[PDB]
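> Please see the structure below; I have some questions.
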Amino acid sequence: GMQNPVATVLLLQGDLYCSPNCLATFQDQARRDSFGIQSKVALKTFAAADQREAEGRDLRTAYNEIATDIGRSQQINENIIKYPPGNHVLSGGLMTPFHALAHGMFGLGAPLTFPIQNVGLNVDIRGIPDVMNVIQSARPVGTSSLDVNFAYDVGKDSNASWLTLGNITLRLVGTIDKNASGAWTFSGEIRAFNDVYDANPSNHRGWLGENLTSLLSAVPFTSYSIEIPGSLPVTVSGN
Ligand SMILES: [Ca+2]
Ligand SMILES: [Cl-]
């Protein structure tokens, strides 16, 4: 099998970590070794696997391949997988909040990218009064412009992404075509402002739970910026 027991345990735990049981299983591991080697190596593997999912790979395949590669070493220390130095990208998948968590403890404060299309937004503008108020403000019949920003609870769409981002600020930018009737169409795009990730584990207590938050309170962290590049084209109409 593997050249070491850390990789062996990773492969054994694949069915649980690459599932909805990931958090509970990781909490149990962290409790067992006091956020020790196996826990740190698991967390780094999650971040690596998420990175690979962001690049187009299958999560479980990516996870298994990283564990297998760790398995080529006879060593068992926490550096048998290194948190890489370059451009980290969040996939929006199962392991994304773990990747963000990993980044606060291993990423040296470097910015991370969360492509807007990976977040899982499904913004219903008609459900946002401050935006609808601006839409339906003093406008000429014909074409006019809209460019406004609004807070958004990402949990409206993805409890998961929420674990990483919480609230963010979105920008709606485009043009409105309106009738002499008062019927209108908006065509444009949603963009997102950068989000500060506060890597203090007390900010993550609800998700991480009592024991893990306690264990991580002892570990150094550096907060960082999450860049949320790109645009989501959208169309909205009303009266
Ligand atoms: Ca936020
Ligand atoms: Cl070793």
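How things are named: the first chain in the structure tokens is A, the next is B, and so on; residues count from 1 in each chain; ligands count from 1 in the order shown.
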Using only C-alpha atoms, I'd like a table of the residues in segment 180-206 of chain A that come within 10 Å of segment 149-171 of chain A; for each, show the closest atom pair and its distance in Å rounded to one decimal, ordered by chain and ascending number, as a Markdown table.


| residue | atom | partner | partner_atom | distance |
| --- | --- | --- | --- | --- |
| A:189 | CA | A:171 | CA | 8.0 |
| A:190 | CA | A:171 | CA | 5.5 |
| A:191 | CA | A:171 | CA | 5.0 |
| A:192 | CA | A:170 | CA | 4.5 |
| A:193 | CA | A:169 | CA | 5.7 |
| A:194 | CA | A:168 | CA | 8.0 |
| A:195 | CA | A:168 | CA | 6.4 |
| A:196 | CA | A:165 | CA | 8.1 |
| A:197 | CA | A:165 | CA | 7.1 |
| A:198 | CA | A:165 | CA | 9.7 |
| A:204 | CA | A:163 | CA | 8.1 |
| A:206 | CA | A:163 | CA | 9.5 |

> With only C-alpha atoms as the counted atoms, please give the residues lying no more than 8 Å from residue 176 of chain A, apart from itself and same-chain residues fewer than 2 positions off, as number ranges by chain.

A: 135, 142-146, 174, 178, 184-187

> Save out the residues we just selected, N, CA, C and O atoms, as a PDB file, in the first residue's frame.


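part_20.pdb, freshly written:
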ATOM      1  N   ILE A 135     -33.855  51.392  -9.352  1.00  0.00           N
ATOM      2  CA  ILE A 135     -34.520  50.931 -10.634  1.00  0.00           C
ATOM      3  C   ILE A 135     -35.722  51.789 -10.966  1.00  0.00           C
ATOM      4  O   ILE A 135     -35.859  52.343 -12.087  1.00  0.00           O
ATOM      5  N   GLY A 142     -36.936  55.190 -22.633  1.00  0.00           N
ATOM      6  CA  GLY A 142     -35.718  54.880 -23.360  1.00  0.00           C
ATOM      7  C   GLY A 142     -34.691  54.254 -22.423  1.00  0.00           C
ATOM      8  O   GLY A 142     -35.043  53.630 -21.414  1.00  0.00           O
ATOM      9  N   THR A 143     -33.419  54.457 -22.761  1.00  0.00           N
ATOM     10  CA  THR A 143     -32.304  53.872 -22.064  1.00  0.00           C
ATOM     11  C   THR A 143     -31.737  54.782 -21.001  1.00  0.00           C
ATOM     12  O   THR A 143     -31.632  55.979 -21.211  1.00  0.00           O
ATOM     13  N   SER A 144     -31.358  54.181 -19.860  1.00  0.00           N
ATOM     14  CA  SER A 144     -30.584  54.881 -18.843  1.00  0.00           C
ATOM     15  C   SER A 144     -29.713  53.897 -18.085  1.00  0.00           C
ATOM     16  O   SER A 144     -29.906  52.704 -18.164  1.00  0.00           O
ATOM     17  N   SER A 145     -28.831  54.421 -17.263  1.00  0.00           N
ATOM     18  CA  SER A 145     -27.806  53.627 -16.642  1.00  0.00           C
ATOM     19  C   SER A 145     -28.105  53.358 -15.149  1.00  0.00           C
ATOM     20  O   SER A 145     -28.765  54.192 -14.460  1.00  0.00           O
ATOM     21  N   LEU A 146     -27.596  52.231 -14.658  1.00  0.00           N
ATOM     22  CA  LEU A 146     -27.741  51.842 -13.225  1.00  0.00           C
ATOM     23  C   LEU A 146     -26.366  51.342 -12.762  1.00  0.00           C
ATOM     24  O   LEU A 146     -25.751  50.527 -13.438  1.00  0.00           O
ATOM     25  N   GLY A 174     -25.417  48.197 -15.243  1.00  0.00           N
ATOM     26  CA  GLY A 174     -25.958  48.021 -16.561  1.00  0.00           C
ATOM     27  C   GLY A 174     -26.879  49.137 -16.952  1.00  0.00           C
ATOM     28  O   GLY A 174     -26.766  50.281 -16.490  1.00  0.00           O
ATOM     29  N   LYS A 178     -36.789  51.519 -20.645  1.00  0.00           N
ATOM     30  CA  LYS A 178     -38.144  51.696 -20.146  1.00  0.00           C
ATOM     31  C   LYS A 178     -39.064  52.292 -21.228  1.00  0.00           C
ATOM     32  O   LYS A 178     -38.618  53.116 -22.021  1.00  0.00           O
ATOM     33  N   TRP A 184     -40.229  48.044 -17.848  1.00  0.00           N
ATOM     34  CA  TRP A 184     -38.764  48.179 -18.021  1.00  0.00           C
ATOM     35  C   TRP A 184     -38.051  46.859 -18.000  1.00  0.00           C
ATOM     36  O   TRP A 184     -38.532  45.877 -17.401  1.00  0.00           O
ATOM     37  N   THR A 185     -36.909  46.844 -18.692  1.00  0.00           N
ATOM     38  CA  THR A 185     -35.944  45.750 -18.640  1.00  0.00           C
ATOM     39  C   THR A 185     -34.568  46.274 -18.249  1.00  0.00           C
ATOM     40  O   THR A 185     -34.117  47.386 -18.673  1.00  0.00           O
ATOM     41  N   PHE A 186     -33.912  45.508 -17.377  1.00  0.00           N
ATOM     42  CA  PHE A 186     -32.550  45.797 -16.980  1.00  0.00           C
ATOM     43  C   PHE A 186     -31.696  44.702 -17.585  1.00  0.00           C
ATOM     44  O   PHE A 186     -32.061  43.534 -17.508  1.00  0.00           O
ATOM     45  N   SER A 187     -30.609  45.073 -18.242  1.00  0.00           N
ATOM     46  CA  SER A 187     -29.589  44.119 -18.693  1.00  0.00           C
ATOM     47  C   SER A 187     -28.248  44.609 -18.189  1.00  0.00           C
ATOM     48  O   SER A 187     -27.898  45.785 -18.315  1.00  0.00           O
TER      49      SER A 187
END

> Residues at most 8 Å from residue 7 of chain A, counting only C-alpha atoms, excluding those fewer than 5 positions away in the same chain, as a list in words?

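So, after excluding close chain neighbours, the residues are residues 2, 67, 68, 70 and 71 of chain A.
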
> Go ahead and dump the residues you just picked, N, CA and C atoms, as a short mmCIF file (atom, residue, chain, number, x, y, z; two decimals), in the first residue's frame.


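Output contents, as saved in result_5.cif:
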data_model
loop_
_atom_site.label_atom_id
_atom_site.label_comp_id
_atom_site.auth_asym_id
_atom_site.auth_seq_id
_atom_site.Cartn_x
_atom_site.Cartn_y
_atom_site.Cartn_z
N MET A 2 0.66 2.12 0.97
CA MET A 2 1.42 3.39 1.06
C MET A 2 2.76 3.24 1.84
N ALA A 67 -3.33 12.07 -1.67
CA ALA A 67 -2.99 11.13 -0.56
C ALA A 67 -2.00 10.10 -1.06
N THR A 68 -2.22 9.63 -2.28
CA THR A 68 -1.34 8.66 -2.88
C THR A 68 0.08 9.22 -3.05
N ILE A 70 1.42 11.69 -1.25
CA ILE A 70 2.00 11.80 0.11
C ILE A 70 2.57 10.40 0.50
N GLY A 71 1.83 9.37 0.14
CA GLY A 71 2.20 7.97 0.34
C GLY A 71 3.48 7.48 -0.31
#

> Please run DSSP on the backbone and report, as a PyMOL selection string, all residues within segment 188-236 of chain A that come out as helix (DSSP H, G or I).

chain A and resi 201-208+210-216

> Could you list, as a ChimeraX atom specification, all protein and nucleic acid residues with an atom at most 7 Å from ligand 2, counting only C-alpha atoms and all ligand atoms?

/A:75-77

> Please dump the current selection as a compact mmCIF listing (two decimals), in the first residue's frame; keep N, CA, C and O atoms.


# COMPACT_ATOMS: atom_id res chain seq x y z
N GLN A 75 8.44 9.46 5.13
CA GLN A 75 8.32 10.33 6.28
C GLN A 75 6.84 10.49 6.72
O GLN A 75 5.91 10.20 5.95
N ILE A 76 6.67 10.91 7.98
CA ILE A 76 5.37 11.06 8.60
C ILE A 76 5.15 12.42 9.28
O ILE A 76 4.19 12.62 9.96
N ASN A 77 6.03 13.36 8.99
CA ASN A 77 5.91 14.66 9.63
C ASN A 77 4.90 15.57 8.95
O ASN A 77 4.42 15.29 7.86

> Could you give me, as a ChimeraX atom specification, the residues within 8 Å of residue 125 of chain A, counting only C-alpha atoms and dropping anything in the same chain fewer than 5 positions from it?

/A:131-132,236

> Under the rule that only C-alpha atoms are counted, which of A:126, A:205, A:82, A:99 is the nearest residue to residue 50 of chain A?

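So, comparing all the options, the nearest one is A:99.
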
> Can you pull out the residues contacting residue 26 of chain A? Cut-off 9 Å, using only C-alpha atoms, and skip same-chain residues under 6 positions away; I want them as a PyMOL selection string.

chain A and resi 17+39+42-43

> For the residues in that selection, give me C-alpha atoms as a PDB file, in the first residue's frame.


ATOM      1  CA  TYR A  17     -14.025  13.409   4.140  1.00  0.00           C
ATOM      2  CA  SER A  39      -5.080  16.684  11.326  1.00  0.00           C
ATOM      3  CA  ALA A  42      -5.662  16.251   6.309  1.00  0.00           C
ATOM      4  CA  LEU A  43      -6.355  19.995   6.317  1.00  0.00           C
TER       5      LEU A  43
END

> Which value, in Å to one decimal, gives the distance between atom CA of residue 224 of chain A and atom CA of residue 104 of chain A?

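Rounded to one decimal, the two atoms are 7.1 Å apart.
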
> What is the distance between atom CA of residue 34 of chain A and atom CA of residue 207 of chain A, in Å to one decimal?

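These atoms are spaced 17.8 Å apart.
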
> Using backbone DSSP assignments, extract all strand (DSSP E) residues from chain A; output them as a PyMOL selection string.

chain A and resi 112-113+142-153+167-178+184-192+195-197+224-227+232-238

> If we count only C-alpha atoms and set the cut-off at 10 Å, which residues sit around residue 218 of chain A, ignoring sequence neighbours fewer than 5 positions away in its own chain? Please answer as number ranges by chain.

A: 35, 201, 213

> Of the residues A:239, A:118, A:133, A:113, which is the one nearest to residue 226 of chain A, using only C-alpha atoms?

A:113

> Counting only C-alpha atoms, what is within 10 Å of segment 84-90 of chain A, bar same-chain residues fewer than 4 positions away, as a ChimeraX atom specification?

/A:44,47-48,50-55,95-100,103,106-108,110-115,118-119,161,164,226-228

> Go ahead and save the residues from that selection, with N, CA and C atoms, as a short mmCIF file (atom, residue, chain, number, x, y, z; two decimals), in the first residue's frame.


data_model
loop_
_atom_site.label_atom_id
_atom_site.label_comp_id
_atom_site.auth_asym_id
_atom_site.auth_seq_id
_atom_site.Cartn_x
_atom_site.Cartn_y
_atom_site.Cartn_z
N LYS A 44 -4.31 20.32 5.00
CA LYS A 44 -3.59 20.67 3.82
C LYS A 44 -3.97 19.91 2.54
N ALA A 47 -7.12 21.45 1.28
CA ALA A 47 -6.88 22.64 0.49
C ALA A 47 -6.33 22.34 -0.89
N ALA A 48 -5.42 21.36 -0.95
CA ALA A 48 -4.89 20.95 -2.24
C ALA A 48 -5.98 20.36 -3.17
N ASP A 50 -9.21 20.93 -3.04
CA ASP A 50 -10.06 22.02 -3.48
C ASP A 50 -9.42 22.81 -4.60
N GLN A 51 -8.14 23.12 -4.46
CA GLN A 51 -7.42 23.78 -5.53
C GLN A 51 -7.54 23.01 -6.88
N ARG A 52 -7.33 21.70 -6.82
CA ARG A 52 -7.47 20.92 -7.99
C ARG A 52 -8.93 20.88 -8.55
N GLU A 53 -9.93 20.83 -7.67
CA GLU A 53 -11.32 20.96 -8.12
C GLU A 53 -11.53 22.35 -8.82
N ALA A 54 -10.88 23.40 -8.32
CA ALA A 54 -11.03 24.69 -8.96
C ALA A 54 -10.45 24.69 -10.38
N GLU A 55 -9.50 23.81 -10.60
CA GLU A 55 -8.81 23.63 -11.89
C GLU A 55 -9.49 22.68 -12.81
N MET A 95 -14.93 21.29 -0.10
CA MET A 95 -13.77 21.58 0.73
C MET A 95 -13.36 23.03 0.73
N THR A 96 -14.12 23.87 0.08
CA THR A 96 -13.78 25.30 0.00
C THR A 96 -13.63 25.97 1.40
N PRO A 97 -14.57 25.73 2.34
CA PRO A 97 -14.35 26.44 3.63
C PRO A 97 -13.07 25.93 4.33
N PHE A 98 -12.73 24.65 4.11
CA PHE A 98 -11.49 24.12 4.68
C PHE A 98 -10.27 24.73 4.02
N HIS A 99 -10.38 24.97 2.73
CA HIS A 99 -9.28 25.61 2.00
C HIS A 99 -9.06 27.03 2.56
N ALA A 100 -10.13 27.77 2.77
CA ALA A 100 -10.04 29.11 3.35
C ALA A 100 -9.47 29.02 4.77
N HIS A 103 -5.84 28.45 4.58
CA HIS A 103 -5.14 29.57 4.07
C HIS A 103 -4.86 30.54 5.21
N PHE A 106 -1.78 28.85 6.99
CA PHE A 106 -0.60 28.49 6.19
C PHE A 106 -0.28 29.45 5.07
N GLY A 107 -1.22 30.34 4.71
CA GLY A 107 -1.07 31.18 3.54
C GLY A 107 -0.31 32.50 3.68
N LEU A 108 0.23 32.81 4.87
CA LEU A 108 1.10 34.00 5.08
C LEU A 108 0.41 35.34 4.74
N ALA A 110 -1.35 36.01 2.18
CA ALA A 110 -1.46 36.23 0.72
C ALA A 110 -2.93 36.35 0.34
N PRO A 111 -3.27 37.22 -0.62
CA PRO A 111 -4.66 37.16 -1.11
C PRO A 111 -5.02 35.80 -1.73
N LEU A 112 -6.32 35.41 -1.75
CA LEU A 112 -6.84 34.14 -2.29
C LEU A 112 -7.90 34.64 -3.30
N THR A 113 -8.15 33.85 -4.33
CA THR A 113 -9.18 34.14 -5.34
C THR A 113 -10.35 33.24 -5.20
N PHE A 114 -11.56 33.79 -5.21
CA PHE A 114 -12.80 33.05 -5.18
C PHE A 114 -13.59 33.50 -6.41
N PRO A 115 -13.36 32.86 -7.56
CA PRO A 115 -14.03 33.36 -8.79
C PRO A 115 -15.54 33.54 -8.58
N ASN A 118 -17.90 30.66 -8.98
CA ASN A 118 -17.77 29.57 -8.05
C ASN A 118 -18.52 29.75 -6.74
N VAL A 119 -19.03 30.94 -6.49
CA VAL A 119 -19.63 31.22 -5.20
C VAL A 119 -21.01 30.56 -5.07
N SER A 161 -20.70 28.64 0.93
CA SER A 161 -19.95 29.86 0.59
C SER A 161 -20.04 30.87 1.74
N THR A 164 -17.37 30.77 4.30
CA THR A 164 -16.13 31.39 3.89
C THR A 164 -16.26 32.92 3.83
N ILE A 226 -9.94 38.14 0.18
CA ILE A 226 -10.49 37.25 -0.78
C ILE A 226 -10.96 38.14 -1.95
N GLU A 227 -10.34 37.92 -3.12
CA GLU A 227 -10.72 38.59 -4.36
C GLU A 227 -11.79 37.81 -5.03
N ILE A 228 -12.82 38.48 -5.53
CA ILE A 228 -14.00 37.79 -6.05
C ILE A 228 -14.22 38.30 -7.51
#

> Report, in Å with one decimal, the straight-line distance from atom CA of residue 123 of chain A to atom CA of residue 172 of chain A.

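Between atom CA of residue 123 of chain A and atom CA of residue 172 of chain A the gap is 10.3 Å.
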